[PDB]
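All remarks here apply to the structure that follows.
Here Cβ is always computed from backbone atoms with ideal geometry, including for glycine, and neighbour counts include all displayed protein chains. What follows is calculated from the coordinates using simple rules that are stated; it is not laboratory data.
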Amino acid sequence: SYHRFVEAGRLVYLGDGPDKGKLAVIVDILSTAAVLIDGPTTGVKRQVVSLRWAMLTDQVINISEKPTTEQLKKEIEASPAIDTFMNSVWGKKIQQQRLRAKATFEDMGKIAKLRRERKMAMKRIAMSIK
Amino acid sequence: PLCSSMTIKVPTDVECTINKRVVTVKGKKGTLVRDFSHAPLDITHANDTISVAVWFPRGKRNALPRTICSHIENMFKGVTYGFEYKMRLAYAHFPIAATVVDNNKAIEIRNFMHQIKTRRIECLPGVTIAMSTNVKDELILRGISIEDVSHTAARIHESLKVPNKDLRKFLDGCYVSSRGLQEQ
Amino acid sequence: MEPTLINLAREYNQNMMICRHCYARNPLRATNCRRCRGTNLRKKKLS
Amino acid sequence: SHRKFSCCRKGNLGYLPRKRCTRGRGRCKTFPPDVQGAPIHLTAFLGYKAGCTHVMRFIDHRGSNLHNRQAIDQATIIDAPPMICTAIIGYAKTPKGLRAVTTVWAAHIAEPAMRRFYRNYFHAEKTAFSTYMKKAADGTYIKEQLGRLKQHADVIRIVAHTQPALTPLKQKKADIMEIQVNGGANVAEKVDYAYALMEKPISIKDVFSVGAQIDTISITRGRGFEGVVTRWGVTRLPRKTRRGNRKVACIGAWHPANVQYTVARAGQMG
Amino acid sequence: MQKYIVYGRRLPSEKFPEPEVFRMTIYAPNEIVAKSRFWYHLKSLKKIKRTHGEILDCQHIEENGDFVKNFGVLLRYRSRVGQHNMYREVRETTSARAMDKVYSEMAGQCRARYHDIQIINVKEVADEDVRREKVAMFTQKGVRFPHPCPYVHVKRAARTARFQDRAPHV
Amino acid sequence: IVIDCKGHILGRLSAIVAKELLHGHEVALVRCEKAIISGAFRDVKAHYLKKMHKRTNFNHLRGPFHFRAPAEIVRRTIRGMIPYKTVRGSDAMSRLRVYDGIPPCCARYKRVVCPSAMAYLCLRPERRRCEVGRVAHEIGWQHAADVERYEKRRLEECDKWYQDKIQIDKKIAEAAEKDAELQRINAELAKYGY
Amino acid sequence: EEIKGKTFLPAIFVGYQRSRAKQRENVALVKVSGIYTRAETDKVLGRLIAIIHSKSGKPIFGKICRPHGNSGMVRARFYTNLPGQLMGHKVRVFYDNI
RNA sequence: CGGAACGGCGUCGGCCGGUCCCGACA
RNA sequence: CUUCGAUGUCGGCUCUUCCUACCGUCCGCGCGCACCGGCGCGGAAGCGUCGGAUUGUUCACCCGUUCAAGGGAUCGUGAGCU
RNA sequence: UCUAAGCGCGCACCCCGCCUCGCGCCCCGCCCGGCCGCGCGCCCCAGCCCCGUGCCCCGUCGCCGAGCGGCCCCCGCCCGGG
């Protein structure tokens, strides 16, 4: 209850529902259960999401009161908040997650061999510096 | 929605530090640490004002902001002024006589209703027991904590419990008369 | 003993309210009795 | 229905199961509280019951009709051939419960104690502590092991053997008991005290003082298969009863369908 | 749930050669339920049964969801005690969405199903007109509250087969 | 799979653990006194002492066996969710080791905590959470202090080892660069993202 | 054997397809590691799977068919029906084509 | 928590009435 | 509704468990409780509830005493008995 | 205002102790030999002090040693008294 408030303009990573893994901005609060969220630069169409789906991000974007989809889109561009979040550790992992999601059984086969070699190399290095 | 805020003001002399939900109040009379970890409260020390705020207040979470502030105020009063509970023994036919012992940390009560049994009570740590130099038949107990001085008062109050008879007619015991709260 | 002490003892002994069910020592201005779940019946007695 | 007239159960269920003691001799089981502040003292000692006697006594019991008056009481003499310490056992207090942390045996173990190890000494090969005697003898090994006890042990015990040659019985083989060492300021002092007693005699006079009260443990006198009337104390039924009167009459209700463990049954008494 | 407006009339007769058209705003799950409710209401309020009447239209109404607007529903619930009355206040983007929120609270708080509740009226209330504290609290321009359910993020512990090396922080 | 039992609800972890057992996984649980049972302590103790009443009247040795130790309390809870009577069930109650406190046997074992059953996430603040260790002492367990005395020393020992581990790992980082560079460049960020 | 180096993806034979009344031994319920939703199962559908006969020492091969539930579990069928002593025993999903 | 008349200053949600900056002897 | 190619039937004696809808003992609390003694509650089933005269009695009743609650177990208890 | 957090006292009840048994296990002796497996921060959730990871390969090439930890292996009667 100290940091990361659900103030208007909070950028929210969505964690469930039709959009999972897409950032969106809180245009308006409905109740203590839900929020209206729009993500023009990420493809989440202004929708009512539940605050259980939303995960708050440290970055908050200034927006016009009752912004409108077009005005929200213009303000998002001027703000560096999307960018700050992307280069942050959470953002780096969300970017990495997109590629991990883009997989096929054959692609998994290559990663498994690599994750055995990294494991063996780690054992070698730990021994070498023992 | 609601933050159920209650606000208390830190006195100038006494220093209060809040880390986690633990509260340490340090002052001339002494230092007390009362952990308030039992409940859900957001506390800001601020410039000079302690605030206890419970966000999303439910039916019984409505009570917590006021009590935590009131408990913090009692700590503040204790380390600036100090608390005192004056309890007087009342004795009818047989005179009660209580002797202070253990360097003013203990009371030995005898001749309660002319009983062979004697009662030894130990003051809780950081609160001491003393007798009255002028009024007499009176125990003045003083310590920084308001709960720990009252708790010793109660320990001595129930140790003198008439077995049965009629308590409305038989009125002999140690009864707290004044919570003076002035000095130690 | 002294009348102030007699009155002090009375405050701790016969100044009370008792619910007709809980038979509890409820506070003097008690709207309901805690132990008896809130029956409003109440009374007290003195010698 | 109900018993109609109230009568208590006959017998202590605590003393069930009433079986012949499989443990050879009465075991100490629990030992006295350590205290942690007294002259180091051993807490127990084995004895052989010798007999009973009459003792005239003068009673100083204030508040009793016997005050300032003589009395005669049953005494019970327990023969006490002096015991000799043969080993020291240390026990760590572990979460599971007191568990041993190794024992250091005497460099020289007496023949009575060795006789306990074998069923027939003459026909046995006497192969006990054979390589142990070589490992010790110098005694450097004994001190090293005792040092391991000082750090890893919290309860110290002394193993001791009775010599049955100086007792009228024909036991010949010794009886071994772990007598606890209690009262010392610290475990390092306790094992040091033990080393002084090692391979040397202990006498009852040292262990117990006149005027103290002691708890006596032993296997009771055996009566064999006994009847319910003798074993559990029930009534001998009316003498007009067919099939016998030395039997509990009804051993249960219809339900529970099984005989309960409470009900008195005939078995071994003693 | 879907906001339908229905238009219906008594079947033409020799007494009524032009019967009276009646309109209703029935928020219903589907057109089939909406036209059933319309007939139930007409039977009590205008004495027209479906067997003696014809619905002329049941048009779906689509409402935009650009911004959250407070909405007020006056209804007549029925509990085992008997019929009562109740006013509700829900902040939602569209009337049908607000009515869905209205039916779910009456299900949880008052244990009444869709067919138990009758909607006397729905309307849009202003920030000034709010009569209930919950809508009033968020109606104000500035509303910042810590995340209400941070713990709900364990929806990931379901899939992580629950073997995290460290126990997650909120 | 060694799961520190600390903070988990007895039932919630027991369901997760029974499934991994009946699926041929060998699982061990440590620090099981620190597991939680939702419910005011008064009620929990009552439900555990009501349990200890149900014993066979004819002979209490064939009766429902109630085990005071907190590790065995969990083992009985998992056993309820395991068809112990079948060989699929007996062989699976064999592959479970329950330990009160992390023991010398499981000291060096890697430990994983199941978040779904962890109490802070699972139950609302204000549900008077109890621990089995407190409940176990009342129902009869006689070793609560002994577990506490031993895990104080184990935890102190772990802290000394932790300073060494930090120096050993700082040393591993300066040995990061190797063919591991190639392996990471191939997989960690490229395409696979893992 | 035939399987010398194919990396494989781990899997477990959780049990046969069944109800509380009846059991279809033909279908074997496998849980594919890392597959947590019915959606993820499409990548692993139609792959070749095999279990190693513990007593015999010779692998029993099989294939993966339609998914059992919303939890990434999969129904599979094998060249010979499974013994039932092989429950919990690991099954290997071959990364390579054969 | 099979269960009844009957209670609850338990916690929510209503439905109708009076006072409320003219501040609920100053 | 079950039992008749049969489940021996009342009360005692004997023995064992269980229940609380508690008589005394234990803990509080209220009295139209000064003391003594009574009375009413709430928690409480560890312990005690006995010896006898008439009666097959269960009961009933009376005499005594450390003054004495009520009940369940195929109306507990016949290859246990009478 | 005894309670909603927090706090003290507290029942012949309860649970443990002492006690009766005790499967098994421990230590030591005689021996002291084989078998297996490779894996450790801690706390905290109304600071959560930077979170949202990781492992994801028990043969799929890992099987050295060392280190910890397991596991197995031991241990007579007849006869005579009591």
Choice from F:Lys165, F:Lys178, F:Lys19 with maximal GNM fluctuation in chain F (Cα, 10 Å cutoff):
F:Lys178
Chain A: relative contact order in percent, alpha carbon pairs under 8 Å with at least 6 residues between
18 percent
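Taking Rh as the Kirkwood radius computed over C-alpha pairs, what is the Stokes-Einstein D of the stretch E:89-155 at 4 °C in a medium of viscosity 1.567 mPa s, expressed in µm² per second?
Details: Rh = 14.3 Å.
Estimated via Stokes-Einstein, D reaches 91 µm²/s.
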If we sort A:13-21, G:16-24 on the protection proxy, mean other Cβ atoms within 10 Å, highest first, what's the order?
A:13-21, G:16-24
Sparse-neighbourhood loop hits (trypsin sites (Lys or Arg not before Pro), the stretch F:26-80; DSSP loop; Cβ within 10 Å at most 13 others) -> F:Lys54, F:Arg62
Any number yet on Rg/Rh for the stretch D:1-81, C-alpha, Kirkwood?
1.12
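May I have the convex hull volume per residue, in Å³, for the Cα set of the stretch D:118-270? Intermediate values should be presented prior to the final figure.
Details: hull volume 46.9 nm³, N = 153.
That works out to 306 Å³ per residue.
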Using the Kyte-Doolittle scale, find the helices of chain F whose mean hydropathy is at least 0.0 and whose Cα atoms extend 24 Å or more along the helix's long axis, counting only whole DSSP H runs.
none
Any number yet on Rg/Rh for chain A, C-alpha, Kirkwood?
1.14
Spatial separation of Cα centroids for the stretch D:38-65 and the stretch D:84-134, in angstrom:
33 Å
Based on the Cβ-Cβ distance of D:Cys7 and D:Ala71, what FRET efficiency does E = 1/(1 + (r/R0)^6) give at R0 = 35 Å, to the nearest 0.05?
0.50
For chain D, what does the relative contact order come out to in percent, with C-alpha contacts under 8 Å and a separation of six or more?
23 percent
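Kindly provide the Kirkwood hydrodynamic radius of the stretch F:1-132 in Å, to one decimal, from all pairs of distinct alpha carbon atoms.
Values: mean 1/r = 0.0644 Å⁻¹.
With all distinct Cα pairs of the stretch F:1-132 included, I get 15.5 Å.
Using the reciprocal of the averaged 1/r over all distinct C-alpha pairs, how large is the Kirkwood radius of the stretch D:224-270 in Å? Show your work: numbers first, answer last.
Numbers: mean 1/r = 0.0854 Å⁻¹.
Evaluated on the stretch D:224-270, it is 11.7 Å.
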Among trypsin sites (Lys or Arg not before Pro) in the stretch B:1-93, those in a DSSP loop whose Cβ has at most 14 other Cβ atoms within 10 Å are B:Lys20, B:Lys28, B:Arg58, B:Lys60
For D:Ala253 and D:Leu169, extending 7 Å from Cα along the Cα-Cβ vector and measuring point to point gives, in nm, a value of 4.9 nm
The ³J(HN,Hα) series, computed from each phi in the stretch D:9-15 with the Karplus coefficients 6.51, -1.76 and 1.60 at θ = phi - 60°, rounded to the nearest Hz and given as x for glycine or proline, is 5, 9, x, 9, 6, x, 8
Highest mean packing first, using Cβ neighbours within 10 angstrom, the peptides D:76-89, D:211-224, A:111-124 sort as D:76-89, A:111-124, D:211-224
Please list, by residue number, everything in the stretch G:58-76 whose backbone N is under 18 Å from a paramagnetic label point 7 Å out along Cα→Cβ of F:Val112.
G:72-73
Just to be sure I understand: with springs between alpha-carbon atoms less than 10 Å apart, which residue in E:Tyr114, E:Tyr40, E:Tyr151 has the highest mean-square fluctuation in the Gaussian network model of chain E?
E:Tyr151
Considering the alpha-carbon set of the protein assembly as shown alone, what are its Rg and its Dmax in angstrom?
41.2, 137
Restricting to chain F, what percent of DSSP beta bridges are antiparallel, rounded to 5?
25 percent
In degrees, nearest 10, range 0 to 90: what is the angle between the Cα axis of helix A:105-128 and the longest Cα principal axis of chain A?
60 degrees
What number, rounded to the nearest 500 deg cm²/dmol, is the helix-based mean residue ellipticity at 222 nm of the protein assembly as shown, given -39500 (n - 2.57) per DSSP H run of at least four residues and division by all its residues?
-7500 deg cm²/dmol
Any chance you could give the angle, 0 to 90 degrees and rounded to 10, that helix C:3-13 forms with the longest Cα principal axis of chain C?
20 degrees
At 37 °C and 0.692 mPa s, the Stokes-Einstein diffusion coefficient in µm²/s for chain G, with hydrodynamic radius from the Kirkwood sum on alpha carbon pairs, is 244 µm²/s
Would you work out which of G:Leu29, G:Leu45, G:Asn97 lies farthest towards the positive end of the dipole of the stretch G:11-98, given +1 charges on the beta-carbon of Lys and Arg and -1 on that of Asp and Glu, about the Cα centre?
G:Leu29
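Give the average over all directions of the projected area of the C-alpha convex hull of the stretch E:32-154, one decimal, in nm².
On the way: hull surface 44.8 nm².
Reported value for the Cα convex hull: 11.2 nm².
Please find the FRET efficiency linking D:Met56 to D:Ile217, where r is the Cβ-Cβ separation and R0 is fixed at 41 Å, and quote it to the nearest 0.05.
Working: r = 29 Å, r/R0 = 0.70.
Here the calculated transfer efficiency is 0.90.
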So what are the radius of gyration and Dmax for the Cα set of the stretch G:42-93, in Å?
11.3, 35
Angle between the Cα long axis of helix D:140-152 and the longest principal axis of chain D, 0 to 90 degrees, nearest 10?
50 degrees
Assuming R0 = 35 Å, can you tell me the calculated FRET efficiency for the pair B:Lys26 and F:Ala145, based on Cβ-Cβ distance, to the nearest 0.05?
0.55
Hey, what D do you get for the stretch G:2-52 in µm²/s if you plug the Kirkwood alpha-carbon radius into Stokes-Einstein at 37 °C and 0.692 mPa s?
257 µm²/s
Could you run the Debye sum over the Cα atoms of chain B, one equal point scatterer each and no solvent, and tell me log10 of I(q)/I(0) at q = 0.09, 0.17, 0.19 Å⁻¹, two decimals?
-0.43, -1.00, -1.13
Given an 8 Å cut-off on Cα distances and at least 6 residues of separation, report the relative contact order of chain F as a percent.
31 percent
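So which GluC sites (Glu not before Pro) in the stretch F:45-143 end up in coil per DSSP with only 15 or fewer other C-beta atoms within 10 Å?
Numbers: sites: F:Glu72, F:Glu126, F:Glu131, F:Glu138; in loops: F:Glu126.
Sparse-neighbourhood loop GluC sites (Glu not before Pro): F:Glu126.
If you take the C-alpha gyration tensor of chain D, multiply each eigenvalue by 5 and take the square root, what semi-axes do you get, largest first, in whole Å? Present the calculation step by step, with values, prior to reporting the outcome.
Working: eigenvalues 400, 140, 94 Å².
Ellipsoid semi-axes (Å, largest first): 45, 26, 22.
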